Each structure stands twice: as C-alpha cells, then as structure tokens.
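I am attaching a structure below and will ask some questions about it afterwards.
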C-alpha cells in the first residue's frame, strides 16, 4: 500500500505521512520506561536505570535533567538525540528571563520546544530527533503541572503520564488508578508512582536501580532524591 | 551461615518462658536481615525454611494459650513485608512461606477438636488473606481446601 | 553496487568505495622513489613520454628553498595542491620570518583533503605526493594518500609497479644512513630500474633527480646534469 | 536496507543504519584501552607496524588536546585528526572567554554535540571514530570518558576500543583499580595488550602508553618507559 | 558616586552611596548601586548609568546560563573575566567602573577591580567612583591585615562617610552588604 | 502515478499533492460554523483519548484580535504555526493604519502565507483548513481558507469527519434570520449528528462573535446551555 511516501516527508494518497510516525517507534530502542504522576500539590518523576557493566559509572547515567531552578525534566528515546533536545531547553529558558524579566512558565516552554520540532516536519532536510520529553514544574495560582512533548510537535498536559516502551500498559493501570477520589498527600503520589512501574515492568525494583525527581509546593526547587531516602519510601509501601 | 540463627532459635525455645516472647520478636528482625541478604547459596531458601520453621515453632508455643493474637499479627507483619525481605518481583513462591503455614493449617486441623470456634475462625479469616494471593498452587494445593471445608 | 556512488554513503561492510577508488588513480602514474641519509634527502622520479617527439612530462617541482615534492596521479589535483602549498610557505616567511617546519605543513594538507572526503559536492584529490624537507631536526621523507593519511618514512616508492622498488629498499635500508651523495643518489636509482620492463634502460632524457641538503638548497637536475650521476653504473643481470 | 542510504531517513522499525554502519568500522581497528587509578589516568594503545618502512613513532593515536587532556583514538585515522583539531579549538575559546582550564565534563559535551550534528543531514556522513578522554585535576580528580560515533558520551572506570572490546574488558574488571597507584597501573596495562593477539595472526606491533595524573602535576605526556623498559619486561613473563 | 569593597577572612564587605545626579540636580535620591548576579557574587557599578545597567544584565544572562550546564557554583574570577571581555572589546563606547566581589567555595572572598580602561586585577581592598579620590589617603593609613567581619563593617562605614561628607556626587544613604559562606546580610545605615 | 512532487503538472489534470493534503483535512476532528443575523457562532469537537488528559490546557477556539476568532480541522501542530503568523500579521496593519484590521483583509494575507508553502518543493503544504469569523462594520462575516490558498464566504458549513452528513443536515436546517442564541442551539444540534457517545461540558468548545467583540464561552454557560436545550 505504503510505497508512495516512505522515504521522505511528503503526503500519502488520502492518509498521512510515515517518516514522522516512524519516529514514534524510534523511542523504543532505548528499552526504557518513565512515569510521571501529578495527584495533588506535589509532582513526581520516576524512571529506572539499566547499568549493564561494572566498569560503567553511576553518576553519568541519570536521565533526570535540571532545566532551571524550578523546572526539571526526564528524557526517553535514543540517547544522543535526547541531550541535544535538552540543550535547546536550557537555552530558551534563559532567553525568557533576559527578554521578559521573570521566570518562564512550564506551559510556555513546551510551546517553544514543539515549534522547533515542527519546522523539521514542515521543512525537510534534517532528521526529526527521535526522543520524547516530560516536564514538571510549579505554577503560581495553578498548582503543579506535568507536560509531554512529542517528536511530531504535539504537546498536551495531563495528570498521570507514561512513556518509553510500556505506555499502553502503564496508562491502562493509571486510568483504573485515577478514578477514585483519594487524596494525594505526597506519599500516596510516590507509592502509586512506584507500584505502577513496578507491576507493568514486573521488576519491584531493588533500591539502586531507579531515579526519582520531585517538586512540591513547599520547596519549589527541583530535587533529585538521595539513595537513602529512596530506600525509605521503598520500605514505606512494603510495611 | 544461617546456623547461628538456628542456635539462637535453640536459645529462644528455651527462653519462651524464661524470657518474654516479645524478645523472640526482637531476635526475629536479625533473622529477617539474614533473609534480607539471601544472595546465592549462603542464607537462601533451604536455610531460610529453618528460621521459618523455628519462628512458627515459637509461634506455636506463644499462641498455644488463649492469647492467640500474636501468631496472627506476626503473619500480616511478615507476609506483607516479604516483598521487601527476600527477592523482589514475586520472590519464589517456593518453600519460603508455604510449609510454614501448611504446618499451621495442619495445626488448625489439630486445634479444631480442642479450641473453640471463635479464635480458630479468626485464625482462618487471617490466613485466607494470603491464601487468596498464592501458596495453594501445587503439592499442598488443598491448604485452602482442608480449611475451607472446615469453615463449612 | 548501489553503495558505490557517493563519498557520503557508507557500506554494509563499513568501507567507503570512493576513497578506495582514488587509490587506484595513484597506480596510473609512474614510479618515484624517495629516501634520506642523516644529512641528505634525495627523491628520484621517472618521466613518461606522451609521443615520440613531445617533451617529457615533469614530475619533481620546486616548492621552497628547503622543500621539494614529487607527484603521482591526476595533474588537475597536482597543481591545485601546489598553489595551496606555495601560499602557506610564504605566509610563515611574511609573518614569522622563519621557514616552516616540514612536519606541521603536511598536517595542513590532511586538514585540507579531509573536507572533500566527507562533504558532498567534491571528489577526493587523486594524488600521490612524496615530500622531502628540512626542519631544524634534519631531513624528512613524507608521503600522502587520497585517504588523507600521511606517513613519515625513511624510504618509499609509489606509482606503477612500485612493489619491486620496495623490495630493493628493505634489504638496503641499513646502508642508507652513512653513505654520501655520490652513491646515495645511485642507491636510489638502482631501485627505479626494477620498475621498468626488462628490455629498455633508464636513459638521460626520462629521469629527474632532486636533492635538498643540510647546507644545500633544493635543486632539480634533469636531462643535462644527470650524466654525472649515471656514470659508474653496472647493467642489469640479464 | 535500501532505506539505509541517507542519514536523515528512518527505517520502518525506527533506527538509522548509516549510524549503525559507521559503528562497526571502528570494530576493524586495533585495540586501544583506557584505565584510571585513584590519582591518575593511564592510556594504552596496541599499534601495529604496517610493513617495515614505518619510522618508529609516526601517525600515533595518542593525541594531546589541552595541557591536561589527550585522546586515545581508534578507527579511521584521518577522520580522528580533523576531530582532534575541533577539541583543540574548543578548549582555546573556553580559555579566552573564562580564563581557566576546561573541565572534562564540559569538554566531552561540546565534542559529542559536534559529532551529533553529522548524524542528521543528508549532505554529510557520520564520523567513523571512537576515542577516549582522560584528565586530572586537584579540585575534580581523575575522569575517563568515552564517545561513540553516534554521540553518546558518559564516564567509565575502564574501557577498550577496537576488535577486542569485549575480550579486553573481561580482564580489566578483575583489577582493584580503586586503590592502586598509576605507576603500578603501567606494568598492568602492558599485559592486557599482550594477552589478546599482539602478533599472532598479525605481523608486528609496538606499544604506546600515555600518562596523566598526580605524578605529572596535571601534565599529559608519554611514559618514560623507554627508560628501564619495564612494561615489556614484566608483561612478557606472562607467557605461562 | 563612591563604592567600596573590602575582603576579610570569611568573605567580603561591600558598600556604596546613592545620589544619582545629573548636572547639579539629584534625579534619584536612593539607589541600589550594588547588583546581584549570582547568589554569592555581587558587583557595584560606577560611570554612566545606562551603560552599566546594560552590561550587568548581559553578564547575569551569560554567567547564569553557564553555571546550570556545569551543575556547579561559579567562580568569582570567572565572573570578573566576563566584564573584562565586554569592557575591553566595547571601549570608546562605555564608561564603566565595575568592581566585582563575592565569596567562592574554592578560594573564599575575592575582590576584583575593572576600571574604565578594561584591565582586571585582584586587590585586598578596592575603591571607585568620583568621590573615591578624597579617601585614598585615609584608606591606606587605616587598613590593617587580619580584620574580622565586624571591623570591616566599621571600616567601610567610616570610609564612605568621609567621601559622603559633602562632595556633590556623593552622600545620601549607606547601603552595606556582607557575603560569606552562610548567607548575604544587607543593611541600610542612616544616622 | 505522476505526482511524487509539487513543482510539476500531470499530463491530464491538476496538482495531485495538494489533493492529497486535503485528504488529511477530511480525516480531522469535526467542526461547524453558523453565521446568524447578529453574530457568528463557532463550535468544534474535542475528545481526549483517556481520562488523564487535562481539557483546560490546550484550546481550539483561538482569538486573533478582540473581534476575530478562528477554528480549524486538520493537524493541531501545523495549526499553531499560522496562528502565530496571523497574530503578528494583524499587528502590522495596526501599526500602520491605527485601526483594527477588517476580516476580509487577513484572508487576503493568511491565504498568501499558505500559498507560499505550495511553492519550492523542498517543503510540504499545510494539512489544515480554517474558519475565520468577525463582526466588522456592523455586518458579521464567516470565511474558510484551504491549504491550496483559495477562500470563501459561508452562511453555514461544516468540516472534518462526516461533513456530508452535517452538510445535508444544515441544508435542511439553516434559515436566513435567527438570533445568536438560536444559532448556538442548531450548532450543537449539528455537532450531535457526528459526535461520539457522551457529550459533556468538556467535549465541546464554543466561541461567539457579538458586535461587542469576540468571546469564547466558559464551561459554566456551556453546561447550562447544553442542559436539556435539545
């Protein structure tokens, strides 16, 4: 059927176009899964690490990336395209403060990211950066937020978030999870953020195999959890 | 490796009455930290079944009396915590908890002609909680059935 | 065969064939041999006639007072690199007022030939430059290749059927460091006479010899002054 | 396969084969290993003699980027020379704009983004090189990095690049590298080279050992192994 | 305009007047002559007002972007280099009297001086501005090596008040700032 | 097929890649727009794929000036480009003429933007059609652009999926003179023709033009408007 537009970025007879939607299955060669959860006044990123070597280090592995002092992110997809995406995110976050004189909202930043990913679809002759980005941040008079940017130039903000390999299995768990009206008191958030990834991947991970980024109304600085207190939340859910 | 936990269990069965049984539950988390290790061959399932045998034997002596609540609250203690104890992602379902309670439902077969109907169905309603999860697969698949027939 | 079209396209074996084909243009040109002693570096080339009465095409060309090069391959890429070569030699004279070190001039060539071996729109340079020179630490013999690699060496022969010249150089390289120019030159042109078909002889009209010395400026001798060098030779054992 | 011509096109399952093809061109090059002790980084390159006319020190693969930074390249040698001049030029602008030496964590990011840019356009091809970056400082200690042709760059304690990438790191990890000094490392690097195929089906070789750490006071230079020749004296005793 | 900077064992002590004038008319009566760049690095500015405000915004943009990439607190010598790269390049166009001071974890308290020319030099104490010429004989007969923090706050208060005695480009109110490892203490002195 | 490209003709007819770009317009979300006697009503369809998506984050009815609004049916990522183009283009009229730009003037210029990507070749056309409303000089207006670059002036129309059922609905429905309040009543009643199962206050999103300027409706009114009014 296909044929017609499976090399370059032009239209297919009546349908769409294939080179952009081949980047959606370009995330899955990472072999990884990330989960973001917004329940109440805090916000939690959780993502496992996969260290296949003892000669390989520990500090230079983390996918949690601090964009500004109040905005952190996590990256999926292939590795080299992910870091160049972060370099644009760190750059244009500082241009907002210079041009406009105040801290950039987390909502405004995904507009500036997806529009750069838009030109690479509209205008040809550059590979469109097969990686995905998830943001968290605290907004005044709006609470915490979770955003996702796509390689096509799409973005949408939403409460419970999965990415990587296992979206359709983790989001299926979180639809049944976020339907009851339970409150989310900063450990209801984390324990659901663990046990969703822990059952979909089926790992119920040992303490040294993940990362957890957090932000909370109290201390709006982006914060990467210590390995000791990761064990404290792990012994909390399994009493 | 875990023979030190066996000779400490040799101490606690003498000190069920000489010392108080909460101290048996105070020597217990060291044997849990031994089960927290559980690496390859040293302190793993075969020797873990011995502490699981001796902690149930101490649970037999402590709750042979009408103070029954200790054997039950020790179970929802450890059987919710075994996901954090031994091996994560469904441990083994292999001789880490099975015969420790397959002995106990055999004890519920013994006490049903001795103990009255009230604390034994409190005993059954607290063992139905983890029998619904696992431990009735094969071998003693009737760990549920020899006690749900008792409920009839 | 579809991978064999451009410089940009990699192969499923990991070998770019367009660089591998520019090596074949070096084998089209004639043979030339360069070598050096502790004090003197001499490179000897072999002319080729076009017709029976045209002039023979020159190979060795002067560059600077302490640098001279040989040639093998395309004449289009020959003079295009020469004009880049002469411009860099006089810039150090104009700015630094010193002659160039020979080892760092050739590093400019590998940076020069690297861009047309990666970006689309220009073929690699089909060229076989042999380089002799004098920095402050004695003579040097350099070669280049269209794969933009440059090799320091003490003796080298490249061009048509130049493998037989390499076999002569390997079993006489122990003698090269001590002997002076009266035989060091005719150590070199005994290596050219195995790169010939066995019926004709190296005459005075088809050979060039260039000598640069520690106290000697680079000088090209051809067709009249080769006769004090071709005297005192034996024939081939036929 | 077929859709594998440009570097700006995707496969139907979602990977770029032009990056995949350039990775196993590094595989055909000889083995170059890297290792760091608690107070320094020690390089080591197995390098083979072409025929005989090599002049004992030509076309080396142990470069020198900065006062305290050098490379351990392997793959296409001409492509690594142009890439080394980028890192020389990148560290100069950091000096002229900030007034102090480049951190190795920031230097590897600037190089890997430059390698990344040649994996996006149809006009250019990806590089065919992989290399090492080792440095030492008093406020940062010793670091050791690793850059593939795709542009992924992060840190190791030990590595190998060449044919025997797996066959070298099997016996690197049985060393107690966290507490050794980098004078004892030098006699241990030379046996890792000579175990795995130095001249067995090949003709000849020559060992090169680069060297940076506390004993050099932050300088990067080649070993004085020419002095006392102790690397080959200690490694050739491992014949049995 | 008179600015002041003295380092001590812990960190540095800054100080300035306000009195932004034009001709013989005071336009601004109270003025923040010292400007935060990072959490530990301040600068006090002198010269043309519109020139120094434009430079201090660009350095805060460049240094603030630069420290997030390294994931490290920046050096005080790094910040003083960025003012040098703009004042020396755009000379014959700017009139800036920037003095950079602040605490650093690697080196402690540092004070740098970038005058109208474009040079950079580290000093123990530093003066600047139009009214700084009148206290040059007082500041070196009073300075003593090995002061505490409370002596330096006493030192710069008497030192500014002599330049702020009457001199027409100086006076107003004293704004002081102390930068150390713990925090930044800023206070306003009058009477 | 000849097509494959944009800079050449077919031997028989017209440009084929622009026709394929219109196929992506028909596979978009449905929309409707009705020009009444005192105003123009825009209404569109907006369903999330899950219960997780925040509905109050990204909007469909999007104001350009204080009297001009705009909807679409196509791909939202291409939609955000020409919206930001039309914002800055509308300010260039106001800096010159010091007067709010009439609605017939943007459509001269916005269609000339969508014109320009149908050139070159190394570029693709849009996959978005538009509907532009506004009340300038008393009379209200309702236009429609396309990726080819032409434009219109509608009484009532419907784009997106199942537009032929909405067109035969509106052909049987739309009269000449009604108020704006009767216009929204037949604008949701044509959205119910091709919508999915549940239609809440968050499934639709409706904006209007008065003579008092452009306004989009908050879900408090839209819940109270869809409350049993057919």
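In this document, chain identifiers A, B, C, D, E and F correspond to the written order of the chains, with residue numbering beginning at 1 in each.
Methods note: a residue touches a chain if its C-beta (ideal position, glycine included) is under 8 Å from a C-beta of that chain, and two chains touch if they have at least 3 such contacts.
A.B. asks: For chain B and chain D, what is the smallest step count along a path of chains that touch one another?
C.D. replies: The fewest touching-chain steps linking chain B to chain D number 2.
A.B. asks: So which chain ends up in the middle if you average the CA atoms?
C.D. replies: A
A.B. asks: More C-beta contacts across C-D or across D-E?
C.D. replies: C-D
A.B. asks: Chain A to chain B: how many Å between their CA centres?
C.D. replies: Going by mean C-alpha positions, chain A sits 43 Å from chain B.
A.B. asks: Please work out the Cα centroid separation of chain A and chain F, and write it as a whole number of Å.
C.D. replies: 32
A.B. asks: I'd like the Å distance between the centres of chain D and chain F, where a centre is the mean of that chain's Cα atoms.
C.D. replies: A distance of 58 Å separates the two centres.
A.B. asks: Two or more other chains in contact with one residue: find those residues in chain E.
C.D. replies: 69
A.B. asks: Touching two or more other chains, which residues of chain F qualify?
C.D. replies: none
A.B. asks: Considering chain A alone, which of its residues make contact with at least two other chains?
C.D. replies: Residues 125.
A.B. asks: On the basis of the stated criterion, which chains touch which? Give every pair.
C.D. replies: A-B, A-D, A-E, A-F, C-D, D-E
A.B. asks: Would you mind writing out the residues of chain D in touch with chain A in their complex?
C.D. replies: For this pair, the touching residues of chain D are 3, 7-16, 109, 112-113, 116, 119-122, 150-152, 154-159, 169, 172-173.
A.B. asks: Mind pulling up the chain B residues that touch chain A in the complex?
C.D. replies: 80-81, 83-84, 88-90
A.B. asks: Would you pull the chain A residues touching chain F in the complex into a rising list?
C.D. replies: Residues in contact with chain F: 4, 9-17, 107, 111, 114-115, 118, 121-125, 152-161, 171, 174-175, 178-179.
A.B. asks: In their complex, what parts of chain A are in touch with chain E?
C.D. replies: Touch list, chain A to chain E: 66-68, 90-91, 94, 97-98.
A.B. asks: If we count contacts the way the header does, which residues on chain D are in touch with chain E in the complex?
C.D. replies: Against chain E, the touching part of chain D is residues 97-100, 103, 105-106, 109, 139.
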